[PDB]
Amino acid sequence: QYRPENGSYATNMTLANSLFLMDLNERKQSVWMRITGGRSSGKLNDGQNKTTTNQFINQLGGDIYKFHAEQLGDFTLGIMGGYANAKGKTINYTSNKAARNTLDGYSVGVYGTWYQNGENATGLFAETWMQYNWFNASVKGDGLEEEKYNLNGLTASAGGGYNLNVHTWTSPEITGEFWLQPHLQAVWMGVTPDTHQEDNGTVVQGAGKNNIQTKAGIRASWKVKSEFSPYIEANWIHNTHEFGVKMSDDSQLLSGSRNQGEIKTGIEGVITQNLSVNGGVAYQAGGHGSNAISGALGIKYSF
């Protein structure tokens with residue numbers, strides 16, 4: 001039998017690295033704000049422990065510079081920050097023993113954007129960002145005193161793609177655009193936990209330090225004016241490591257979604273000359289028992 005508490009430690013590690021992630025195409029049109037809600041289900045090598053958590057995230061940022069250049073393109077440089085929080089519970093199917101975990105974190109960093117022919121037109125694009133994360137975590141086993149530690153670190157990303165205007169039509173009813181976007185994204189997850197000793201003398205260290213998440217996919221976007229622009233997206237997620245936990249004995253337990261399938265969809269609408277609002281729904285699946293279902297609402301205000 002393996003304690004549930006592993007599930008808890010291993011999960012905070014996973015969240016800590018994927019909690020403040022920003023996907024491609026999010027940062028597009030001055031001052032933004034995004035608010036997310038999500039639930040996730042996962043399991044360990046145990047064949048015993050399954051963990052489910054719900055989380056809330058808030059992010060905001062702004063554009064500092066916007067230097068369009070004659071030689072190569074339009075650039076943007078901005079800054080972002082966020083606060084997030086999550087709660088999980090791990091239950092052991094064979095033992096029936098249980099445990100819970102919670103996590104509060106903060107982030108800050110800067111991002112970058114590039115379009116060769118400008119957005120709203122066919123051509124290459126790239127996005128990038130980097131940030132620092134401080135998280136305060138706890139693990140509680142049922143009936144036992146609660147344990148606190150910290151995870152903090154760097155997260156960095158780089159990605160690109162190609163925007164393509166396929167067709168443009170007009171209804172007698174009215175002006176449609178249809179767009180295809182093959183894209184590729186890579187993220188370096190460098191948030192590591194403190195090495196932590198429990199009330200019982202058990203030391204717990206992180207497994208999975210420095211995972212590289214790679215996303216490859218295509219987005220299909222349908223723009224409409226009379227604006228609103230709904231989208232569908234499909235991605236392949238690959239991970240270089242799988243997040244887990246290492247013991248004093250130095251055994252290990254891992255929670256593996258080396259390969260996952262992702263499907264996104266949502267609608268974005270213009271509400272003012274300056275303001276826009278959007279909604280998005282994302283769903284991730286890996287092995288039996290791995291899921292993330294996320295709903296985000298974002299607001300942006302051009303100057």
# chains A, B, ... in the order shown; residues from 1 in each chain; ligands from 1
$ select_by_dssp --residues "segment 126-286 of chain A" --states "strand (DSSP E or B)" --output "count of residues only"
121
$ residues_around --residues "residue 108 of chain A" --least-positions-apart "6" --cutoff "8 Å" --atoms "only C-alpha atoms" --output "NGL selection string"
:A and (79-82 or 131-133)
$ write_last_selection --atoms "N, CA and C atoms" --output "PDB file, in the first residue's frame"
ATOM      1  N   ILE A  79       4.052  43.055 -19.969  1.00  0.00           N
ATOM      2  CA  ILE A  79       4.312  42.372 -18.726  1.00  0.00           C
ATOM      3  C   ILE A  79       3.052  41.773 -18.140  1.00  0.00           C
ATOM      4  N   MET A  80       3.214  40.670 -17.420  1.00  0.00           N
ATOM      5  CA  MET A  80       2.093  39.904 -16.905  1.00  0.00           C
ATOM      6  C   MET A  80       2.312  39.514 -15.472  1.00  0.00           C
ATOM      7  N   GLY A  81       1.235  39.222 -14.757  1.00  0.00           N
ATOM      8  CA  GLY A  81       1.336  38.770 -13.375  1.00  0.00           C
ATOM      9  C   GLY A  81       0.074  38.013 -13.047  1.00  0.00           C
ATOM     10  N   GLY A  82       0.064  37.195 -12.001  1.00  0.00           N
ATOM     11  CA  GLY A  82      -1.150  36.442 -11.687  1.00  0.00           C
ATOM     12  C   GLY A  82      -1.194  35.908 -10.277  1.00  0.00           C
ATOM     13  N   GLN A 131       8.547  33.713 -16.813  1.00  0.00           N
ATOM     14  CA  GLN A 131       8.005  34.248 -15.577  1.00  0.00           C
ATOM     15  C   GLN A 131       8.536  33.538 -14.354  1.00  0.00           C
ATOM     16  N   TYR A 132       8.302  34.093 -13.172  1.00  0.00           N
ATOM     17  CA  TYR A 132       8.747  33.455 -11.945  1.00  0.00           C
ATOM     18  C   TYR A 132       7.552  33.114 -11.097  1.00  0.00           C
ATOM     19  N   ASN A 133       7.562  31.921 -10.511  1.00  0.00           N
ATOM     20  CA  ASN A 133       6.448  31.449  -9.693  1.00  0.00           C
ATOM     21  C   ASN A 133       6.804  31.138  -8.247  1.00  0.00           C
TER      22      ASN A 133
END
$ closest_residue --among "A:162, A:83, A:93, A:228" --to "residue 56 of chain A" --atoms "only C-alpha atoms"
A:83
$ residues_around --residues "segment 168-170 of chain A" --least-positions-apart "2" --cutoff "10 Å" --atoms "only C-alpha atoms" --output "ChimeraX atom specification"
/A:165-166,172-179,222-226
$ closest_residue --among "A:129, A:67, A:115, A:243" --to "residue 210 of chain A" --atoms "only C-alpha atoms"
A:243
